[PDB]
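Participant: Chains as they are written, first to last, in the authors' numbering: chain B, 73 to 439, 455 to 504; chain A, 77 to 438, 453 to 506; chain G, 77 to 438, 455 to 505; chain D, 76 to 439, 454 to 505. Where a beta carbon is used, it is the ideal one built from N, C-alpha and C, also for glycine. Okay, here's the structure, questions in a sec.
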Amino acid sequence: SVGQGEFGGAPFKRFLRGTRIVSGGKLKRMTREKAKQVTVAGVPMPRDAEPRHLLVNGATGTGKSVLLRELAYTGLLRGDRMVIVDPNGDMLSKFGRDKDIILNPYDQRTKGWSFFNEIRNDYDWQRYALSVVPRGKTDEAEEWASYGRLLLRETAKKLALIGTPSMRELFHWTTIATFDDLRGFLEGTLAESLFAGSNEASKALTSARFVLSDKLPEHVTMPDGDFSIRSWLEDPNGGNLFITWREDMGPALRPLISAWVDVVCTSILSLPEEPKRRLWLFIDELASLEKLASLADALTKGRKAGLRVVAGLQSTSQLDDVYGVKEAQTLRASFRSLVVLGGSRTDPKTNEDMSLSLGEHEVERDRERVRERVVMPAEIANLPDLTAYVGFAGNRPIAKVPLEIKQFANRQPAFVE
Amino acid sequence: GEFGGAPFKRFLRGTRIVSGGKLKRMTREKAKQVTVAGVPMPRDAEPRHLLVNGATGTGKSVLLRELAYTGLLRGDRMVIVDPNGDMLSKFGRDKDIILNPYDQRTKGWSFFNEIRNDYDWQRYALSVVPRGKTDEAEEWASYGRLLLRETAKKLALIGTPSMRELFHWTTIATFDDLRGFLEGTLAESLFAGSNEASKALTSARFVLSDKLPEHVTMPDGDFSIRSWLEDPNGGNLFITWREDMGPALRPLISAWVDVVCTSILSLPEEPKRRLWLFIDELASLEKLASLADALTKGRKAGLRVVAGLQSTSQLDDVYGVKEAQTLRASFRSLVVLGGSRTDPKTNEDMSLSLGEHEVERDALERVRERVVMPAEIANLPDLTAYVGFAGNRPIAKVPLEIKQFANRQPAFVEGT
Amino acid sequence: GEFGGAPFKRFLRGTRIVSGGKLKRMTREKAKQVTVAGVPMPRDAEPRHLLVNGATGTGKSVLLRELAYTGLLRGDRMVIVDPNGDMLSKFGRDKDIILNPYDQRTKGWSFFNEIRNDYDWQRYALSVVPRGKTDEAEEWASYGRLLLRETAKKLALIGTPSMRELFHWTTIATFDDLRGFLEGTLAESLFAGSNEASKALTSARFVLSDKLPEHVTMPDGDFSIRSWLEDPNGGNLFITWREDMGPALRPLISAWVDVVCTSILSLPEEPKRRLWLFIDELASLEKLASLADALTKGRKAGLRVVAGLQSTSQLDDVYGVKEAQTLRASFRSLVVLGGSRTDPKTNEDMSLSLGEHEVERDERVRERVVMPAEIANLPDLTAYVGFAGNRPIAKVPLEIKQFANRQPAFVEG
Amino acid sequence: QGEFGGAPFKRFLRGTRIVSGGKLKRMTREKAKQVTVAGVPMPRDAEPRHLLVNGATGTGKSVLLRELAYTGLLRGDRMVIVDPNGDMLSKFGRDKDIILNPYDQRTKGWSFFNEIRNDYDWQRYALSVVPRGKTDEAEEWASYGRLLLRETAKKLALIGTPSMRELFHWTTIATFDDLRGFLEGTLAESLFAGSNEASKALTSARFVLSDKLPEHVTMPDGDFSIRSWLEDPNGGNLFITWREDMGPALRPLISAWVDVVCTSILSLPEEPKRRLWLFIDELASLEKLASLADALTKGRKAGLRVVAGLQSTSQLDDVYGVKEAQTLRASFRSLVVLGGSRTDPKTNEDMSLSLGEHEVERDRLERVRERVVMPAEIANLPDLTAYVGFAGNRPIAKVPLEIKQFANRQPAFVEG
Ligand SMILES: Nc1ncnc2c1ncn2[C@@H]1O[C@H](COP(=O)(O)OP(=O)(O)O)[C@@H](O)[C@H]1O
Ligand SMILES: Nc1ncnc2c1ncn2[C@@H]1O[C@H](COP(=O)(O)OP(=O)(O)O)[C@@H](O)[C@H]1O
Ligand SMILES: Nc1ncnc2c1ncn2[C@@H]1O[C@H](COP(=O)(O)OP(=O)(O)O)[C@@H](O)[C@H]1O
Ligand SMILES: Nc1ncnc2c1ncn2[C@@H]1O[C@H](COP(=O)(O)OP(=O)(O)O)[C@@H](O)[C@H]1O
Ligand SMILES: [Mg+2]
Ligand SMILES: [Mg+2]
Ligand SMILES: [Mg+2]
Ligand SMILES: [Mg+2]
């Protein structure tokens, strides 16, 4: 019959509707195209599906990193540019060249940077204050955040105005200077009266201080330079951007890395009309960053810029806890292509989500009409590592493909200094 | 033949699916009509509104552009929430209007220009300061509107209806000075006498400091959306903006769209009027205070709203579940463009929205089943849509053709 | 016979569906009746109320206008929450009353006109200041009512029952002056002695500053909805307003409707009374403090409420799920006009409301008499009528009857 | 069937597969030395994927963990054991081994100061001393506490007096003003001053530290460092013991030590041959660990192997919160189900669903989807009986847990 070596369930006589499952080789051939393509677990990825983004969901130790490394690699062979959120500088040590850029406050090779370097028009202040101070986890936390951005944008605006665009100065005024002195320095800015006149006003200012005291730190200790992610995006000859950090400092650099990633997100929306552009945004673990203020729009309006986002994810519960259910749903829905690497059996909810995501099919069998999941939650829970279900965006069948561990020579040190 | 599931002997009840061509025949009418994915739209369904739901990159924009186009051929007027001035560069004429604080061709505007009676102050304060996301956020908003309407009312009274002055008093003037300026207005005592009163005033300041900005930097003029709606000879209104400034202009655009919404409710009795409101992405605007009534009482004015939507979770996050449900329920005609497989919930909603049918198959058996499975919606290729017009009509899976339109005008003209 | 699903051999239990004509025969009665979509309504079902649920543009208004009309032919009195004065321009007579602060024909009114005993102050303060949407909003509301009832009580006492004065003291007079004016009232100490006390007073001010406005600008007069209810010779009450001012008049209209609700509970023992309360859109009013009791204890007063409704999600957002459920449950008779397909939840609720039936075929089957999809495919002016009690439902066509405009809808003051 | 509790079947299609105890033992047996889970040799590759042992009180979690620990010691692996009543200590404790217990005479001297090596380490371990708050508001306080803790400790260390006593005095005894004074010069200088909110925040911090610090202060002094210990191969095993009646009192201290191990392993140098086990008898009895998650996800390089006991899923939920607890559980690839109480059908359902369903073909042919293990089957398990489901593509098996006897080669507690 049908559904053998392809469909895990009982073979069937006729397929009616729903999700189609096909053999690995059959998909590879089916999705193969004329132009140069990149590969997902050895499956050539449909060109049109690239800017629709890819979400790679999988339990810890199943191959998300292998998969993303292979994707990045084949992308480089095609000569595409990319920004890689790279933990421990792994990708850097493998594909990093000399013309490439490194952003890491603790690596000797890092460029010098400050969010000031991205300001070009007045609307840019709030725009990037949104990157420095990501969205709050809760409504109340976001209210504080907003106060923090008000304080940040007005204080930075003035410092820049009087010719001293210093993060050190910015940090001093917003978190060290006494309450009165700050209010004084604010006189003349839109924040002049907003932060005064009532207890509420003072409370709000106090909230702002705390927020900025939490976010700014790593921004301040960042080696200075005139590097601009915006300019870098415009320079074709510019290389690839590697955002690296050592795992033990992950929580410390969370707000800085979340800022850089967000900067790339809003910034691509300003790049000039250029069809030939192809920019990949590799995010190893979407849930480990903060609630990004621009990721959503980037995933929705980045087609013109040729933005291609690929993000790894372990539990759907993570993204939920970071963005919130409603918001997280929208975020996920923005990634048209999906890859399921099989999760843990101690987490049946995710296995169910992934199973449901893969979809059901209506089939005609012998002895008749049946609706069933093409991939059972249990099937996903039993997947061996380095094995994945690939479901490209649009009207294409999914397939269970083996992920091969390709070896890459270390053509550069991961960390220096 | 057109039903994706197993063929059946007899149809009993529920949603009925028909072939693209068969629906086109069915919905075809004598009078001039507009088209939805190449399907002539029933005249009576136009003022019942249309909701176009679809994943990013599936064709919502193509569909809305085609609708707008055929609408223009019929000579109808329209207000288009137009991103990057795309629609503007294609169908924009010289008699047409442009609202964009950064485009040189923009008209000059201030919400003052819409005030005609006393009840109009709160009415449009409701537009300048949209509804709060949360109950607490709305409470602040209300304080903001109180502060806004009373301060503007006085400014207008003393003959200085300036947004600059309004912005100065409500966000720059010291607390005391403001209280002073308020003396004589209904807001005189409301914002004084206790900590709570002061807190409320502080809340109002913040809100207005968030909304007003783009209103202030807006080029001044005497253009009035109200007057414009009344002038038959007036053209079409194009609300444009550059994507990178979307978040910055969110509160301003949300104001203009809302202004159109309440304002049509005052237009004089005119059956021949046909006004379309094209909203590319309903969830990208703020919680509109008047959208609901407009979608419910705009029939007399001949209001026809068409809105794009990606995830139902968005609208929910903006208006709130209960409220978003009511909003969606106000759009009688639906179009489903197929979403992502990473979001099975929406696919389920869309599937359920398209409905089930009870059928008799093969002696015989009775079966209830979704006419379109969630999976079927998740597998739709781009530019393919299910069209389900309001009322008792079958749905159909139709191909969306990408029509080409000559750029008869620049999308943006840097205002210097 | 007449059902949408597969025909069956035998009916076992559950909701039973019948043909339009068959129901018309079944519900027809000896006495004069009113009609619901051309179906004579059982007399006993009248005071059990009717809820007409239906998508925008399906015929709720047509249906209510017909009901009102046949009700007038029978000579019943009624209060009509009438948008744009549509019902007024059609069935409005000269002996009839009009309440609209902006219409020249409006009577003069103030809630003072309803006060007759001491318990009436809070009673109508509950009408002027409807229930809060959220618990916190209601807490403020309560402070507002305290401030409202005590200030009004004193103004009436010293002989100056003025809404203008009431509004001045409660929202314009400085904090201290107000406290001063309160001295002697129960509100004397309640609003003083701590920050909390002061905060509460501030809350009250805001609330009244939101509700009172339209009450103040209302043309003064001595008209009393209470008295009007008692006067048999009184006409019908038309509560009208222009749609563009709907949000502005929301709190005032909500007050009048509520006043009618509590007031009917005081009318004297009169079996022959028949008073209809037509509410075009129940969800467009505020959370009415007395609607519930009216729908439950209005029989002896002969109260008959008919309300229109679009989405169940609306009522929920206004009264809250639990409360909204109780409200809806109070309407024994239901009419379903078919909704939009973009809202499958309501279609499901309406389908479930219409009920299932157990039937014998071919063989035992339980199924919805009306599928959610069937309700989503109803063409306009088509409705399912399910009268209260043990009666079958029926799918009936709603005819658009034409009514001559025997009076202007609005007459600018 | 002999392995499957339900009706025997003709053919297996997909899903979870169940096999006999002996058959799994054969299947998972490997060439190298392995450790055992209820007598079943554990796949080497599954070790660093962690193991979650769920089971009702009195079913065998402790027996199972003791056996695992034992066979692990025979292979010569190092381990950190959260050991109640020093049970594991009295059985496998040697002389080269370490003991952390403020009330045991054999304890090493410790202070979190001993773990600081770089500047980013202050917050890093402040996160260990002050675990995550149960609720969002509780965590906000906690964060203030960490700010106060890290800045005060940083200064104390700076001026040469890294004393927990001094730290505790300044943060919870010194008058408000004096503290603010001592803070002058630190990042916390202005943060905790200038408004009521600021003062409120400081008050919150005080309370938090006053709750956590206590046991840290009364801890015998020393220069022992869990970080250094991890680096010393010749170091022994770490036994974290405490007497049950003092469990609640030592909760925040034990939670700090376990967390310290969690972040610290992330700094250990590149060493493939390392094998470090983290035995946590009851995961829900600790606080919301700030580093457990990363440890369970990035500890492979370090060779971290975590084994945790758990009674009700409702516990973990109450501690970490549903979303977070789900992620936590999901990080343990291998599962062991010891059967719970019938008074708790929810957990039995979760465990049943976790074990998974299978699609099978049976002779009346018929296709059936069913749970391999019914909730009722789990509720009827006799003690010392467990379902073993190793990570990856391996069948589960119902195996008997044997109570092995271990000689008491050392006293469990030695009062000080
Ligand atoms: N350089 C390598 N050599 C051998 N196996 C590797 C290598 N990198 C990754 N793997 C395999 O991939 C598995 C999962 O780790 P990884 O691929 O990084 O994905 P994850 O994102 O789930 O951590 C490892 O358990 C191992 O089997
Ligand atoms: N001018 C065009 N040229 C080619 N393809 C187009 C054009 N406009 C739209 N499309 C097609 O329509 C798809 C959907 O994008 P769009 O029409 O903007 O709708 P959506 O609102 O879903 O983003 C694009 O991926 C592309 O394939
Ligand atoms: N006087 C009329 N002339 C023509 N059509 C009318 C008239 N009144 C009502 N209708 C019809 O009735 C439908 C319902 O409008 P209405 O009766 O106001 O109810 P509702 O708006 O509550 O659904 C319209 O779709 C139209 O088909
Ligand atoms: N030293 C022992 N001697 C006899 N039985 C024991 C011993 N230790 C454990 N057991 C058995 O194991 C059961 C479960 O207790 P335990 O192994 O501590 O697990 P848990 O408390 O985690 O469920 C006991 O009821 C007993 O039957
Ligand atoms: Mg990884
Ligand atoms: Mg679009
Ligand atoms: Mg109506
Ligand atoms: Mg135990």
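1) Comparing alpha-carbon positions, which option in A:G481, A:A453, A:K487, A:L403 lies nearest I467 (chain A)?
2) How is the beta strand (DSSP E) around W352 (chain B) delimited, first residue to last?
3) Listed in chain order, which residues of the stretch 394-412 of chain B have Cβ atoms closer than 7 Å to some Cβ of chain A?
4) CB of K376 (chain B) to nearest heavy atom of ligand 6: below 7 Å?
5) Alpha carbon to alpha carbon, how far is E432 (chain D) from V128 (chain G)?
6) If I measure Cβ to Cβ from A331 (chain B) and keep anything under 6 Å in the same chain, skipping five residues before and after, which residues do I get?
7) Does the count of Cβ pairs from the stretch 355-366 of chain B and the stretch 192-211 of chain B closer than 8 Å reach three?
8) Taking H433 (chain A) as the query, report the chain G residues whose CB atoms sit under 8 Å from its CB, ordered along the chain.
9) At a Cβ cut of 8 Å, what residues of the stretch 260-275 of chain G count as close to chain A, listed as they run along the chain?
10) Suppose the cutoff is 6 Å on Cβ atoms and the five residues either side in sequence are ignored; what does the same chain contact list for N423 (chain A) look like?
11) Pull every residue with its beta-carbon under 5 Å away from any heavy atom of ligand 6, and keep them in chain order.
12) Where do the ends of the beta strand (DSSP E) carrying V128 (chain G) lie?
13) Out of B:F257, B:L231, B:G269, which has the shortest C-alpha to C-alpha gap to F251 (chain A)?
14) Between the alpha carbons of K183 (chain B) and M239 (chain B), how many angstroms are there, rounded?
15) Buried or exposed for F243 (chain B), please, with buried defined as at least 16 other CB atoms from any protein chain shown within 10 angstroms of its CB.
16) Report yes if the C-beta of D472 (chain D) is less than 7 Å from at least one heavy atom of ligand 4; otherwise report no.
17) In this structure, does DSSP put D162 (chain A) in helix, strand or coil?
18) Under the assumption that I485 (chain D) contacts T103 (chain D) (Cβ atoms under 8 Å), give the Cβ distance between them as a whole number of angstroms.
19) Determine contact between the stretch 386-399 of chain A and the stretch 372-381 of chain G, defined as no fewer than three beta-carbon pairs at a distance below 8 Å.
20) Rounded to the nearest angstrom, what separates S427 (chain A) and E459 (chain A) at their Cα positions?
21) Would you identify the three-state DSSP class for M154 (chain G), choosing helix, strand or coil?
22) Under 8 Å between the Cβ atoms of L88 (chain B) and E319 (chain B)?
23) Going by DSSP in three states, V336 (chain B) sits in which element: helix, strand or coil?
24) Between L473 (chain B) and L490 (chain B), is the Cβ-Cβ spacing less than 8 Å?
25) When you measure from the CB of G322 (chain D) to every non-hydrogen atom of ligand 8, does any distance come out below 7 Å?
26) Is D356 (chain G) a contact residue of ligand 7, with contact defined as CB to any heavy atom under 7 Å?
27) How about residue 510 (chain B) and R225 (chain B): do their beta carbons lie closer than 8 Å?
28) May I ask you to verify whether the stretch 144-164 of chain B touches the stretch 395-410 of chain B, counting CB pairs closer than 8 Å and requiring at least 3?
29) In the DSSP output, which residue or residues are listed as bridge partners for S409 (chain A)?
30) Which value, in whole angstroms, describes the spacing of the CA atoms of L148 (chain A) and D356 (chain A)?
31) Let me check understanding here. Comparing Cα to Cα, which of D:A273, D:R119, D:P118 lies closest to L223 (chain D)?
32) Is it the case that the stretch 227-241 of chain B contacts the stretch 281-297 of chain B, given that we only count it when at least three CB pairs across the two stretches are under 8 Å?
33) Use the C-beta contact count for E504 (chain D): other C-beta atoms within 10 angstroms, 16 or more gives buried, fewer gives exposed.
Facilitator: Let me spell this out:
1) Counting from 1 along the second sequence, the entry for residue 467 (chain A) is found at position 377. Closest by alpha carbon: A:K487.
2) Within the first sequence, the letter at position 280 stands for residue 352 (chain B). From DSSP, the beta strand (DSSP E) with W352 (chain B) extends over 351-355.
3) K398, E399, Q401, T402, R404, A405, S406, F407, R408, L410
4) In the first sequence, counting from the first residue as 1, residue 376 (chain B) sits at position 304. Checking the Cβ of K376 (chain B) against ligand 6 gives no.
5) Within the fourth sequence, numbered from 1, the residue matching residue 432 (chain D) stands at position 357. Within the third sequence, numbered from 1, the residue matching residue 128 (chain G) stands at position 52. Each residue's alpha carbon lies about 47 Å from the other.
6) Numbered from its first residue, the first sequence carries residue 331 (chain B) at position 259. Excluding positions up to five away in sequence, the list reads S203, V204.
7) yes
8) Your numbering for residue 433 (chain A) matches position 357 in the second sequence. Per Cβ cutoff of 8 Å: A465.
9) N271, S274, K275
10) The count along the second sequence starts at 1 and reaches residue 423 (chain A) at position 347. Excluding positions up to five away in sequence, the list reads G415, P464, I467, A468.
11) A:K136, A:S137
12) Position 52 of the third sequence, counted from the start, is the residue given in the question as residue 128 (chain G). Where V128 (chain G) is concerned, the enclosing beta strand (DSSP E) stretches over 126-129.
13) Within the second sequence, numbered from 1, the residue matching residue 251 (chain A) stands at position 175. Answer by Cα proximity: B:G269.
14) As a first step, residue 183 (chain B) is located in the first sequence; it is residue number 111 there, counting from the start. As a first step, residue 239 (chain B) is located in the first sequence; it is residue number 167 there, counting from the start. Distance between the alpha carbons of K183 (chain B) and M239 (chain B): 16 Å.
15) In the first sequence, residue 243 (chain B) corresponds to position 171, counting from 1. Per the 10 Å Cβ criterion, buried.
16) By one-based count along the fourth sequence, residue 472 (chain D) stands at place 383. Result yes, Cβ under 7 Å from ligand 4.
17) Taking the second sequence and counting its residues from 1, one reaches residue 162 (chain A) at position 86. Helix, per DSSP.
18) Position 396 of the fourth sequence, counted from the start, is the residue given in the question as residue 485 (chain D). Position 28 of the fourth sequence, counted from the start, is the residue given in the question as residue 103 (chain D). At roughly 11 Å, the Cβ-Cβ gap does not stay under 8 Å, so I485 (chain D) and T103 (chain D) are not in contact.
19) no
20) Reading the second sequence from its first residue, position 351 is the one you call residue 427 (chain A). Reading the second sequence from its first residue, position 369 is the one you call residue 459 (chain A). Rounded to the nearest angstrom, the two C-alpha atoms are 11 Å apart.
21) As a position in the third sequence, residue 154 (chain G) is number 78, starting the count at 1. Here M154 (chain G) sits in strand by DSSP.
22) Start at 1 with the first residue of the first sequence, and residue 88 (chain B) comes out as number 16. Start at 1 with the first residue of the first sequence, and residue 319 (chain B) comes out as number 247. For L88 (chain B) and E319 (chain B), no; Cβs fall outside 8 Å.
23) Position 264 of the first sequence, counted from the first residue, corresponds to residue 336 (chain B). Looking at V336 (chain B) - three-state DSSP - the assignment turns out to be helix.
24) Translated into positions along the first sequence, residue 473 (chain B) becomes position 386. Translated into positions along the first sequence, residue 490 (chain B) becomes position 403. Yes. Within cutoff.
25) As a position in the fourth sequence, residue 322 (chain D) is number 247, starting the count at 1. Incorrect: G322 (chain D) has no Cβ contact closer than 7 Å to ligand 8.
26) Reading the third sequence from its first residue, position 280 is the one you call residue 356 (chain G). For ligand 7, at least one heavy atom lies less than 7 Å from the Cβ of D356 (chain G).
27) The structure shown does not extend to residue 510 (chain B), since chain B is modelled only from 73 through 504, so no value can be given for it.
28) no
29) Mapped onto the second sequence, residue 409 (chain A) falls at position 333. According to DSSP, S409 (chain A) bridges with A:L126.
30) Here residue 148 (chain A) corresponds to residue number 72 of the second sequence, with the count starting at 1. Here residue 356 (chain A) corresponds to residue number 280 of the second sequence, with the count starting at 1. In a straight line, the C-alpha of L148 (chain A) is about 17 Å away from that of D356 (chain A).
31) Stepping through the fourth sequence from its first residue, residue 223 (chain D) is reached at position 148. Ranking the options by Cα distance to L223 (chain D), first place goes to D:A273.
32) yes
33) One-based indexing of the fourth sequence puts residue 504 (chain D) at position 415. Exposed.
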